[PDB]
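First comes the structure, then the notes that go with it.
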Ligand SMILES: CCCCCC/C=C/CCCCCCCC(=O)O[C@H](COC(=O)CCCCCCCCCCC/C=C/CCCCCCCC)COP(=O)(O)OCC[N+](C)(C)C
Ligand SMILES: CCCCCC/C=C/CCCCCCCC(=O)O[C@H](COC(=O)CCCCCCCCCCC/C=C\CCCCCCCC)COP(=O)(O)OCC[N+](C)(C)C
Ligand SMILES: CCCCCC/C=C\CCCCCCCC(=O)O[C@H](COC(=O)CCCCCCCCCCC/C=C/CCCCCCCC)COP(=O)(O)OCC[N+](C)(C)C
Ligand SMILES: CCCCCC/C=C\CCCCCCCC(=O)O[C@H](COC(=O)CCCCCCCCCCC/C=C\CCCCCCCC)COP(=O)(O)OCC[N+](C)(C)C
Ligand SMILES: CCCCCC/C=C\CCCCCCCC(=O)O[C@H](COC(=O)CCCCCCCCCCC/C=C\CCCCCCCC)COP(=O)(O)OCC[N+](C)(C)C
Ligand SMILES: CCCCCC/C=C\CCCCCCCC(=O)O[C@H](COC(=O)CCCCCCCCCCC/C=C\CCCCCCCC)COP(=O)(O)OCC[N+](C)(C)C
Ligand SMILES: CCCCCC/C=C\CCCCCCCC(=O)O[C@H](COC(=O)CCCCCCCCCCC/C=C\CCCCCCCC)COP(=O)(O)OCC[N+](C)(C)C
Ligand code: NA
């Protein structure tokens, strides 16, 4: 009377008037609502999911009934819990369905019987949009309700009579509720609204509940926290909100990262928490994540917030400026040292090994210092291949290209030294390409000034969305005419004189004469040796119009369309270049020296409810406001000033 297909029409239909009869039929035959001849063969779906999917205006009258019949045969902690055993909805239960349908009345019901509030929806659907899934809320019903802008259940699953969902529970990746809100978040307006609210709501609620380590400290199975997870994923709206977290109620002020050290009239000093941002060596940091392994589309907005920008300038003036300007002079000299050898490198015989003088020993000092630079830039770039390297190289204006070019320069100094030692005499030609790269690799060191650093990246953008497009067509106009005009010149079999005639290098030299014409440093050198002389000049004049008057001047005009558009991008890319420069210098120091150039200070920011004073390494920011007069919230230092 009640087989599989007939019921799943009923509970789908929502008619609680023909299923009066399951009990006398589901008791004498000794069946159960959780059998294999009663669930769909593919997923594992049951009456109780099917009801909530087929929900009539927020009300399916069958769920109060089926669980009554479930009890009188007997199952609640096996019926409600029954997960879909698919590889695609794995772990999903009726409760995961009761909240996504946004039905609160039954979440009370499903929890009233004590179903589960930590079942983990591990399916390929319940997977981020980086694996082959759609919607990753975490994996828990609590993490779901928070990640769907549904506060009242997020309260309920915490504050209810029956079994409570704690916030400390990790999903299969370590990610708690707050790790998950950073995952579902985007940097839109309405998303960042409830993300921050439900973010706030919980770590406040974690403190009134378990009075211990904040939930925001709970790392995951990658090693990251919600703040370091926002930095890696590019979530500004929450990333901002964490760093400027002012909590006023003194029971939870310890969940703050912006403080108010003092406020005399309309001037106050704000004091930021650099607990994770600037950790000198020991811990993983927010600042090394934004700058190295993050999303380049939003780093400039994540580095252009509270203390980060002030924090990098506070590193540049200490050590970042100086050490950089020792890196530049040491490189320029190394290229002087590499210049002098090539100018005093002899050019007779086998590769000129014999030195036998003082000057030739001074040259040898230049070749040994040189080969060091090559192998140095070799090893430093190969260890980078095992460590930081491999973004979208050479379309990446944050040392993506220069890493590639110093690697080339590293090869050619090793090749040239191989051939200079293997006896081949073309050490020079390879060495000559190395020399020119290296002086062009001194554009690397234009980061110490917004002027020249903004300059060396426009060069690289006007070399992409600009003069390669030109090289394309210009090679079509040029091969077209170069083949067309040499087709008119008569061979030298006809007889010895090239510049009138055609033989065997005509094309080659003639391209150069056409390359000179477009740019202007050539002469037409009009020729009567051709068989049709008038048609020849019809074609040169079209080359000169369609290449100097039309393209090479349009080439100037496209740059103007570029440098007006990529200027704002270029100021933002420099701030990454500049920052990546600092953290590389800093990272190269030992920990005791980083810990000597700390950007901050210990401050007694409050008591940790045990009398333990909270000694956080922090960063001051003087600020002024002639409108926010009631600055009487968190005045740590009642005596305003720093009183040095
Ligand atoms: C940029 C190019 C990319 C595609 C590859 C195109 C290659 C172009 C080079 C053309 C070489 C010349 C070959 C034809 C002419 C020639 O030489 O003909 C002959 C025979 O040739 C040779 O014996 C070989 C000599 C050259 C070898 C080294 C080239 C190395 C080029 C490397 C590529 C350049 C970029 C490298 C950087 C890569 C990374 C960048 C980032 C990429 C983005 C990530 C004459 O020679 P000769 O020695 O005089 O022989 C004597 C013959 N006799 C007279 C005695 C009978
Ligand atoms: C204190 C605030 C000062 C503010 C005022 C301004 C001061 C500026 C001083 C600048 C110092 C840095 C410049 C020196 C050269 C330098 O650092 O060259 C670096 C590397 O050099 C070293 O490895 C040498 C080891 C020793 C260095 C420090 C010596 C200075 C110490 C004295 C300063 C004062 C503090 C401590 C002294 C100890 C006692 C405790 C203090 C507290 C009181 C007792 C060059 O970079 P490179 O690796 O080539 O680039 C990275 C390459 N990559 C990763 C990008 C590929
Ligand atoms: C990925 C990097 C690795 C590169 C791969 C290529 C490496 C090695 C090739 C060298 C071996 C070939 C020569 C051996 C045979 C020989 O000996 O051949 C010679 C002539 O050979 C040459 O001239 C070889 C020219 C080499 C240059 C290649 C390109 C180098 C790299 C190019 C890329 C970098 C660009 C920079 C430019 C800046 C602009 C853009 C910047 C970027 C944009 C801003 C024959 O004459 P002969 O006197 O008889 O020789 C002596 C022979 N004897 C009599 C002793 C037996
Ligand atoms: C108050 C501060 C007290 C400290 C004072 C200074 C102390 C020590 C100075 C030590 C000098 C050597 C430091 C080397 C640092 C270094 O390794 O630099 C490298 C640069 O390559 C080299 O150096 C090549 C290696 C061979 C050495 C140089 C040539 C031989 C020695 C010359 C020394 C003489 C100097 C100058 C004489 C002329 C003077 C005119 C003044 C004028 C003042 C205006 C940093 O490249 P990287 O960051 O890794 O970026 C590369 C790109 N990539 C890989 C990251 C993408
Ligand atoms: C390759 C490595 C990289 C090197 C980098 C350092 C290079 C240069 C140092 C420049 C420092 C100042 C730059 C700040 C400019 C600025 O801030 O503002 C600029 C104003 O520009 C200037 O005034 C440029 C200088 C004018 C005089 C030229 C020579 C000065 C250098 C020293 C002398 C060199 C000569 C002769 C040598 C003779 C010696 C005997 C040998 C002779 C033979 C024996 C525009 O204002 P704004 O629009 O507001 O800027 C926007 C950026 N903003 C404000 C946000 C930072
Ligand atoms: C996907 C396309 C792939 C196609 C590639 C095919 C290229 C070449 C293979 C064929 C050449 C074989 C060698 C020729 C024979 C030879 O050895 O001839 C030599 C002379 O030297 C040449 O002729 C070689 C220079 C070029 C010649 C024209 C071809 C032009 C090729 C241009 C390729 C264009 C690519 C791309 C377009 C640009 C835009 C970017 C793309 C799209 C986006 C990426 C011997 O002369 P001699 O005996 O003295 O003759 C005298 C005869 N007399 C006096 C008796 C009548
Ligand atoms: C859209 C661009 C392409 C247009 C192409 C179509 C136009 C013309 C091509 C056909 C020309 C044919 C010429 C005649 C054939 C020839 O060559 O006959 C030669 C001699 O010729 C002549 O005496 C012709 C007199 C001069 C007038 C030339 C044409 C008119 C010139 C103005 C052209 C204006 C338009 C265009 C140019 C500006 C372009 C920039 C725009 C933008 C581009 C996108 C044969 O020698 P022979 O009689 O044996 O020697 C003389 C007799 N004696 C004394 C030895 C016995
Ligand atoms: Na213009």
Study note, to complete from the structure: Reduced to Cα centres, the span from segment 577-644 to segment 9-49 in Å works out to 63
**Study point:** Two-decimal Rg/Rh across segment 36-85, once Rg and the Kirkwood Rh are taken from alpha-carbon atoms
**Key:** 0.97
Practice item. Name all residues of segment 342-375 having a backbone nitrogen under 16 Å from the label point set 7 Å from the Cα of residue 442 along its Cα→Cβ direction, giving them as ranges. Key: 342-343, 370
Point to revise | Angstrom value of the Kirkwood radius, inverse mean 1/r, which spans all Cα pairs in segment 105-167 | key: 12.3
Review point. Given labels modelled 7 Å from the Cα in the Cβ direction, how far is it in nm from residue 348 to residue 433?
Key: 3.0
Review point. Using the Cα gyration tensor of segment 562-644, with a ≥ b ≥ c the square roots of its eigenvalues, what is the shape: rounded (a/c below 1.5), prolate (a/b larger than b/c) or oblate (neither)?
Key: oblate
Practice item. Give me the distance between the Cα centres of segment 519-550 and segment 295-367, rounded to whole Å. Key: 46
Exercise for review: For segment 358-515, would you read off the P(r) tail past 25 Å as a percentage of all alpha carbon pairs?
Suggested key: 56
Point to revise | Cα gyration tensor shape for segment 472-560, rounded if a/c is under 1.5, else prolate or oblate | key: prolate
Point to revise | Square roots of 5 times each gyration tensor eigenvalue, C-alpha, segment 144-286, largest first, Å | key: 25, 19, 16
Practice item. Go from 0 up to the bin containing the longest alpha carbon distance in segment 374-436, width 5 Å each, and give me the % of pairs per bin. Key: 4, 19, 23, 20, 15, 10, 7, 2
Study note, to complete from the structure: Rounded to two decimals, the Debye log10 I(q)/I(0) of segment 1-86 (Cα scatterers, no solvent) at q = 0.11, 0.18, 0.26 Å⁻¹ is -0.26, -0.74, -1.62
Check your understanding: Over the Cα atoms of the chain, what is the Rg over Rh ratio if Rh follows Kirkwood?
Key -> 1.14
Check your understanding: When averaged across all projection directions, what area in nm² does the alpha-carbon convex hull of segment 32-132 cover?
Key -> 6.6
Exercise for review: Arrange the peptides 610-621, 256-267 so that the one whose residues have, on average, the most other Cβ atoms within 10 Å appears first.
Suggested key: 256-267, 610-621
Review point. Taking the alpha carbon gyration tensor of segment 421-505, what are the square roots of 5 times its eigenvalues, largest first, to the nearest whole Å?
Key: 41, 25, 9
Review point. Between rounded, prolate and oblate, where does segment 600-644 land on the alpha carbon gyration tensor, with a ≥ b ≥ c its root eigenvalues, rounded for a/c under 1.5, else prolate if a/b exceeds b/c?
Key: prolate
Review point. What is the spin-label model distance, in nm, from residue 610 to residue 1 if the labels are put 7 Å beyond Cα along the C-beta direction?
Key: 6.5
Exercise for review: With the Cα gyration tensor of segment 264-402 in hand, give its eigenvalues times 5 under a square root as the equivalent ellipsoid semi-axes, listed largest first in whole angstrom.
Suggested key: 45, 19, 13
Check your understanding: D for segment 173-239, whole µm²/s, Stokes-Einstein with Kirkwood Rh over alpha-carbon pairs at 4 °C and 1.567 mPa s: what number?
Key -> 108
Review point. What is the distance in Å between the Cα centres of segment 409-438 and segment 77-119?
Key: 69
Review point. Kirkwood Rh over Cα pairs of segment 516-621 into Stokes-Einstein at 20 °C, 1.002 mPa s: D in µm²/s?
Key: 102
Exercise for review: Pull up the DSSP beta bridges for the chain and report the antiparallel fraction as a percent, rounded to 5.
Suggested key: 90
Point to revise | Sorted peptide list for 193-201, 384-392, criterion being average Cβ within 10 angstrom, highest first | key: 193-201, 384-392
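Quick note: the coordinates plus some simple rules give every number you see, no bench work behind them. Don't worry about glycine lacking a Cβ; one is built from the backbone with ideal geometry, like all the others, and counts go over all protein chains shown.
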